[PDB]
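Below is one structure; the comments refer to it alone.
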Amino acid sequence: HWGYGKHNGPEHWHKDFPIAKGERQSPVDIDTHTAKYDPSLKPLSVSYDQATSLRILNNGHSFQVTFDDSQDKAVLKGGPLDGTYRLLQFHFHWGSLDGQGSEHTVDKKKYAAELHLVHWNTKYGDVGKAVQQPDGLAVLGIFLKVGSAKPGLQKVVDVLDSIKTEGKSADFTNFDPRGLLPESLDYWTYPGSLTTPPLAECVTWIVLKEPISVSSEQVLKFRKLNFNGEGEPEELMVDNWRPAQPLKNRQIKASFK
Ligand SMILES: CC(C)(C)C(=O)Nc1nnc(S(N)(=O)=O)s1
Ligand SMILES: [Zn+2]
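Okay, so the sequence shown: first residue is 17 according to the working numbering, each after it adds one.
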């Protein structure tokens, strides 16, 4: 089964998921000088006030916080998007050290981690149908750098002890994802894919220019999670990032000058 190790990592994924070598794979390097300001791009609309978080889960890849997506509660609109995209889950990718961990890069710079808020287009009715569409998902990507703590992340960090190994989950209600957002909603956008199998080419990527800062203690708690299930040889869940993929016939657009 796929993972991030030497024998099952990103360089192997194409064997089970041939779209890994596709025309719109993610992540990519964002070359800030080549991204073109698009004045026709709207401001992003992030409407998270009514978000209902449900559970936090170690899925063997990452940890994720899942939301109730059975109603338009926490939605992403505007920007490059047509229609309404419901927040389903967020998760992170991170490194073994602070100089790596992000999936997208900015002028080849890697951040310590990257937060993905995954939303699906309500015109397709459910996320499984949305994954089969070129505009089915919108993932809001936010870079994490190490410095000051992000207070809004601490509730997440403090429960990771209870989901150390693959398969473990916990109640995680009343979590407000607005506490994870940076000040600016300036973004880059391009058409891409899921960055984990099945690597489906269904994502409008919206990557915020402004990172959030998290503390060393916060990211260290990410690095104590395990890829393995309980009772299996302990393999720290670190470096769960796919590297940048070829941009191919794509333009990255910027919402800002
Ligand atoms: C809900 C569902 C389809 C299982 C999902 O979200 N899958 C993702 N696979 N890769 C993602 S990423 N790292 O691009 O945000 S999300
Ligand atoms: Zn992700």
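Yeah, the Cβ is synthetic: ideal placement off N, Cα and C, and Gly gets one too.
The alpha helix (DSSP H) enclosing residue i, as first and last residue numbers
{"i": "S232", "result": "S232 to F238"}
{"i": "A260", "result": "Taken as a continuous stretch (DSSP letters only), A260 belongs to no alpha helix (DSSP H), as it is neither H nor E."}
{"i": "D32", "result": "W29 to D32"}
{"i": "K145", "result": "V143 to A146"}
{"i": "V173", "result": "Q170 to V173"}
Same chain, Cβ closer than 7 Å to residue i, neighbours up to 5 away in sequence not counted
{"i": "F33", "result": "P213, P214 and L215"}
{"i": "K171", "result": "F191"}
{"i": "residue 274", "result": "A question about residue 274 goes unanswered here, because the residues of the chain that appear run from 17 up to 273."}
{"i": "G115", "result": "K126"}
{"i": "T48", "result": "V122 and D123"}
{"i": "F243", "result": "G19, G76, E182, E251 and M253"}
{"i": "residue 310", "result": "Nothing can be reported for residue 310, as the shown portion of the chain is limited to 17 through 273."}
Candidates the options: closest to residue i by CA position
{"i": "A51", "options": "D202, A36, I179 and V162", "result": "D202"}
{"i": "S271", "options": "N24, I222 and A146", "result": "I222"}
{"i": "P207", "options": "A90, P262 and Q87", "result": "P262"}
{"i": "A154", "options": "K161, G245, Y127 and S61", "result": "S61"}
{"i": "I268", "options": "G19, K37, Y53 and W29", "result": "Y53"}
{"i": "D142", "options": "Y101, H132, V254 and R258", "result": "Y101"}
{"i": "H132", "options": "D255, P167, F108 and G99", "result": "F108"}
{"i": "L156", "options": "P167, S185, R266 and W136", "result": "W136"}
{"i": "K93", "options": "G76, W110, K161 and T138", "result": "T138"}
{"i": "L252", "options": "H28, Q66, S78 and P55", "result": "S78"}
{"i": "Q66", "options": "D85, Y140, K240 and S56", "result": "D85"}
{"i": "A260", "options": "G19, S232, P26 and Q234", "result": "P26"}
{"i": "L160", "options": "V235, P249 and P59", "result": "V235"}
{"i": "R266", "options": "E39, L241, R258 and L97", "result": "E39"}
{"i": "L113", "options": "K22, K240, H28 and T68", "result": "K240"}
{"i": "residue 16", "options": "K264, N256 and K273", "result": "Nothing about residue 16 can be reported from this structure: the residues present for the chain run from 17 to 273 only."}
Neighbourhood of residue i by C-beta distance below 8 Å, restricted to the same chain and skipping five residues each side
{"i": "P198", "result": "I158, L224, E226, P227 and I228"}
{"i": "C218", "result": "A146, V147, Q148, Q149, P150, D151, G152, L153, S209 and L210"}
{"i": "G245", "result": "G76, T181, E182 and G183"}
{"i": "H17", "result": "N24"}
{"i": "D88", "result": "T100, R102 and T138"}
{"i": "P59", "result": "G94, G95, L201 and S271"}
Presumed contact (8 Å Cβ cut-off) between residue i and residue j, rounded CB distance
{"i": "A129", "j": "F238", "result": "7 Å"}
{"i": "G111", "j": "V254", "result": "6 Å"}
{"i": "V162", "j": "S232", "result": "6 Å"}
{"i": "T220", "j": "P96", "result": "6 Å"}
{"i": "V175", "j": "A186", "result": "6 Å"}
Segment limits, beta strand (DSSP E) that includes residue i
{"i": "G157", "result": "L153 to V162"}
{"i": "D54", "result": "No beta strand (DSSP E) contains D54, which DSSP labels as neither H nor E."}
{"i": "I179", "result": "Segment: none, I179 is in no beta strand (DSSP E) and carries neither H nor E."}
{"i": "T82", "result": "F79 to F83"}
{"i": "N74", "result": "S69 to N74"}
{"i": "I222", "result": "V219 to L224"}
{"i": "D187", "result": "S185 to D187"}
{"i": "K93", "result": "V91 to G94"}
{"i": "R102", "result": "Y101 to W110"}
{"i": "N137", "result": "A129 to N137"}
Residues of its chain near residue i, where Cβ-Cβ distance is below 6 Å and the 5 sequence neighbours each way are ignored
{"i": "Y64", "result": "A90, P193 and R194"}
{"i": "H30", "result": "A36 and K37"}
{"i": "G168", "result": "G195 and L196"}
{"i": "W204", "result": "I46, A51, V223, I268 and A270"}
Can at least three beta-carbon pairs, one atom from the segment 113-133 and one from the segment 40-49, be found at a separation below 8 Å?
-> Yes: the two stretches touch, three or more of their Cβ pairs being nearer than 8 Å.
Are the segment 71-78 and the segment 172-182 touching, with three or more C-beta to C-beta distances below 8 Å?
-> They touch, by the three-pair rule.
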